[PDB]
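Residue-level listing of the chains:
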Amino acid sequence: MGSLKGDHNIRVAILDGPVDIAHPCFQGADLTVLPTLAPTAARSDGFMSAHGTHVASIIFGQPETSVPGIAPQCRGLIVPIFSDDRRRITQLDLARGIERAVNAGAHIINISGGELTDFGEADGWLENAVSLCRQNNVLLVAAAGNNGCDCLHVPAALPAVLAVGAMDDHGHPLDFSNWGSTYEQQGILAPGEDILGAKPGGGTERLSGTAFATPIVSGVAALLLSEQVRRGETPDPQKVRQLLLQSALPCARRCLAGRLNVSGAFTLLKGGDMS
């Protein structure tokens, strides 16, 4: 993403595990933690602290640190929903985090998680929270899941969501990335192999999966919103989704709507000629 860094007027919420905001890669970031019901304190031995710190660093890691982020100048809203405790969290817990983020003025909500479903069915609370995003023009960007099946996770499969699958550095979809029917319309592939991110308590690690491709797309979406602001436009998250989907590049079914095409998305935004 070269020299583009984002605009502090664009708010990106990370709904994940705890984030170690004391990691050196976040020095200079504008991050606000919004306690919801899950613990907010990061632990170096926590699986969800690891997950959330890594995901957050992909977007908000600062230039010249150990993890350069995609949109280091955007405002980050950290909304911990995943827990280091053994217990899973529910679709209701997700819905609560989504409402927290919408109410805090998020433009983009990154959810690097979800639940496997038969048909993209979801609990009513989660359906309602996603509807709230759609009604307020807040873009939910969500992980497709790693099962590798003709199947769907929620919230990735839900209306107006941007689902994100994983590709390798040659642009081929990973085996371990889901490709259910709804993703052909609203899913894109982003880099998901050996993605650099921060570790709670210090250091970095390269991780693979749709959870790590997801924040790359959220970051790019944030840069596109930032460009809208620069142009004197009202930020329009659902338009940014449309631009990302329209500009996605061909690779059959495991390509989803296509591969993330950042230069193409910017060219379409700049020309005004989306069709």
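Residues numbered from 1 in each chain as written, not as in the entry; some residues may be left out. Heavy atoms only, no water.

Per the PDB record, the structure was determined using X-ray crystallography to 1.58 Å resolution.

As named in the PDB entry, the protein chain is SUBTILISIN-LIKE PROTEIN, taken from Prochloron didemni.

A. Seen up close, unusual backbone geometry. Of note, the amide linkage connecting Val154 to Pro155 takes the cis form, showing an omega dihedral of 10°. Note on placement: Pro155 falls in the loop between β7 (152-154) and β8 (162-167). Not every positive phi belongs to a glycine, and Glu64 is a case in point at roughly 70°. One can find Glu64 in the loop between α1 (47-60) and β3 (75-78). A positive phi angle is found at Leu256, which is not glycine, with a value near 60°. (Helix = DSSP H or I, 4+ residues; strand = E, 2+ residues; numbered from the N terminus.)

B. Just the pairing of strand β10 (residues 195-198), in detail. Pairing analysis gives 4 bridges linking β10 to strand β11 (residues 204-207), with the strands arranged antiparallel. Bridge assignment links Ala198 to a residue of β11, and that residue is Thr204. Connecting the antiparallel pair β10 and β11 is a turn made up of 5 residues, with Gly201 showing a positive phi of about 85°. (Pairing = 2+ DSSP bridges.)

C. How the structure looks around the packing of helix α6 (residues 237-247) against helix α7 (residues 262-271). The N-to-C vectors of α6 and α7 enclose an angle of 125°; their axes lie 8 Å apart at closest approach. Looking at the two axes, α6 sits oblique to α7. Of the two possible hands of crossing, α6 and α7 adopt the one that is right-handed. Between α6 and α7, the residues in contact are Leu243, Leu244, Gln246 and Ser247 and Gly264, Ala265, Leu268 and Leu269, respectively. (Axes fitted to C-alpha atoms, helices over the stretch in contact; angles between N-to-C directions. Parallel < 35°, antiparallel > 145°, perpendicular 65-115°, else oblique. Left-handed = near helix turned anticlockwise from the far one by under 90°. Contact = heavy atoms within 4.5 Å.)

D. Highlighting the state of the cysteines. By the definition in use, this model includes 2 disulfides. For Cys251, the disulfide goes to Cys255, at an S-S distance of 2.1 Å. Taking the torsion about the sulfur-sulfur bond, which here is approximately 85°, the covalent link between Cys251 and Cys255 counts as right-handed. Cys251 gets classed as exposed once you look at its relative accessible area, which sits at 54%. Numbered in order of appearance, the disulfide-bonded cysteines of the protein chain are paired 1-2, 3-4. You can see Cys25 has no disulfide; the closest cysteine sulfur is in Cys74, sitting 15 Å from it. For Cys74, a relative accessible area of 0% puts it in the buried group. (Disulfide = S-S within 2.5 Å. Buried < 20%, exposed > 50% of the residue type's maximum accessible area, 1.4 Å probe, protein only.)

E. Fine view of the nonpolar core. Ranked by internal contacts, the top residues of the largest apolar core, which has 50 residues, are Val12, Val217, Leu244 and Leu260. With 11 residues, the single largest contributor to this core is helix α5 (residues 210-230). Not counting chain neighbours up to four residues away, the residues in contact with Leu260 comprise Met167, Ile188, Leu189, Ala190, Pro191, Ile216, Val217, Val220 and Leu244. (Core = buried A, V, L, I, M, F, W, Y, C linked by side-chain atoms within 4.5 Å.)

F. Quick peek at the sheet that holds strand β6 (residues 139-143). Read from one edge to the other, the open sheet built from 7 strands follows the order β2-β3-β1-β4-β6-β8-β9, with strand pairing classed as parallel. Edge positions in the sheet fall to β2 (30-33) and β9 (187-191), since each has one partner strand and no second. Ignoring strand direction, the axes of neighbouring strands in this sheet form an average angle of 25°. Of the strand pairs in this sheet, strand β1 (residues 11-14) and β3 are connected by 4 bridges, and their pairing is parallel. Counterpart to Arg11 in the pairing with β3 is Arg75. Across the face of the sheet, α5 comes into contact with β1, β4 (108-111), β6, β8 and β9 while running at roughly 125° to β8.

G. Seen up close, helix α2 (residues 91-103). Compared with the 18 Å implied by 1.5 Å per residue over 13 residues, the 18 Å span of α2 between its first and last C-alpha is a close match. Along α2, the residues classified as buried are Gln91, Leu94, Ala95, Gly97, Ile98, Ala101 and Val102. For α2, the angular spread of the buried residues around the axis is 165°, confining them to a single face. Of the residues one or two after α2, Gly105 is the one with positive phi, at around 85°. (Expected span 1.5 Å × (residues − 1). Arc of directions from axis to C-beta.)

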